[PDB]
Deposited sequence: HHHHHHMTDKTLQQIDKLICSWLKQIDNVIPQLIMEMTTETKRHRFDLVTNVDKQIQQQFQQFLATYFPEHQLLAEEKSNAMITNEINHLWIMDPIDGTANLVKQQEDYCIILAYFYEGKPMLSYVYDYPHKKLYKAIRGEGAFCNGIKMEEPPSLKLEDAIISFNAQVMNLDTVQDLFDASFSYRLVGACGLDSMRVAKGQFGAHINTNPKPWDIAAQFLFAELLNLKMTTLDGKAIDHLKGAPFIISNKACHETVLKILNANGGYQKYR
């Protein structure tokens, strides 16, 4: 059975990773992918590869869907990985990036991991036990109406009218700049909601479980329910401000650029 043992294994792999990264930084190399803002490093690739390796060693039946490798891909043990979510923050700030890891058994979220390596905070989620930040149990956050909550989203990728209407309806706006971590601030009850209008499946894979066990909302921007295997325009939200955010997003002909 237990997830609990697989979790001990995963957590001991993270301890391993913690000692590997300073080396990977030491010889850091930087490339761009499709455009000058789409960055990859040796850090991103080596973490992925090392889990690909871990998985082969201890879990050869298990498959891996992940950002820095091709995928293809009805699957029984699936891991989803963003080896460095927030690569732009790694490169420019050496701060505010994370590892995102999530395990799915017959489509159902079983374990989930967001590792804030720079602050040495490991958020984890385990079906049957709960969500934890470095061992302390995380509890359902207090209700947050939109009008009292801080929100996070990319303003660059939306028309300014609906950016305005979000500004007007919320307490304030902030942005960390990594899905995993803005999402975690919603979990921790510090942001009311996080939006990403075009995530990949690895950008959001761990959030399903956190959301389930901490009583958050996680949907498409049409309220629907997200296929973990493909992305979708998504939101993670306090329960008390979810409907309101989506309503504003879909108003006046939608959030899309131009207009």
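Student: Write out the missing regions of the deposited sequence in sequence order, one range per stretch.
Tutor: Counting from residue 1, the stretches without coordinates are 1-9, 83-85.
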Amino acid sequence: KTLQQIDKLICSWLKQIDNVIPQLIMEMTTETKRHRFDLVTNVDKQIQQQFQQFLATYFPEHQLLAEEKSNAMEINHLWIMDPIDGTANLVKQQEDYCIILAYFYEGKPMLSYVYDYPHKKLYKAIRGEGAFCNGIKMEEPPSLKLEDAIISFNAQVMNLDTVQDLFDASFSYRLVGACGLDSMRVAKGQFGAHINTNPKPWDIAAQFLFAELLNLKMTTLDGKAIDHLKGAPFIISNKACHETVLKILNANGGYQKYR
From here on, numbers count along this sequence of modelled residues.
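We call the rigid core whatever largest set of C-alpha positions still superposes within 1.5 Å between the two forms.
Student: Which of the two stretches, 25-33 versus 216-224, has its Cα atoms farther on average from this form in 4 other deposited structures of this protein when everything is superposed by the rigid core?
Tutor: Greater root mean square C-alpha distance in 4 other deposited structures of this protein: 25-33.
Student: Averaging C-alpha B-factors over each stretch, which comes out higher, 116-124 or 175-183?
Tutor: Result: 116-124.
Student: I need to verify one thing: averaged over C-alpha atoms only, is the B-factor higher for 48-56 or for 207-215?
Tutor: 48-56 has the higher mean C-alpha B-factor.
Student: From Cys241, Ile235, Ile17, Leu249, can you pick the one with the highest C-alpha B factor in the entry?
Tutor: When the deposited C-alpha B-factors of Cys241, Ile235, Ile17, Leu249 are compared, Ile17 is largest.
Student: Where does the C-alpha B-factor of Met28 rank in its chain, lowest, middle or highest third?
Tutor: CA B-factor rank for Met28: middle third.
Student: Lowest, middle or highest third: where is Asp161 by Cα B-factor in its chain?
Tutor: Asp161: CA B-factor falls in the middle third of its chain.
Student: Would the CA B-factor of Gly86 place it in the lowest, middle or highest third of its chain?
Tutor: Lowest third - that is where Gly86 ends up once the chain's C-alpha B-factors are sorted.
Student: Splitting the chain's C-alpha B-factors into thirds, which one does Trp79 fall into?
Tutor: According to the entry, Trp79 has a C-alpha B-factor in the chain's middle third.
Student: What third of its chain, lowest, middle or highest, does the C-alpha temperature factor of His194 fall into?
Tutor: Its C-alpha B-factor belongs to the lowest third of this chain's values.
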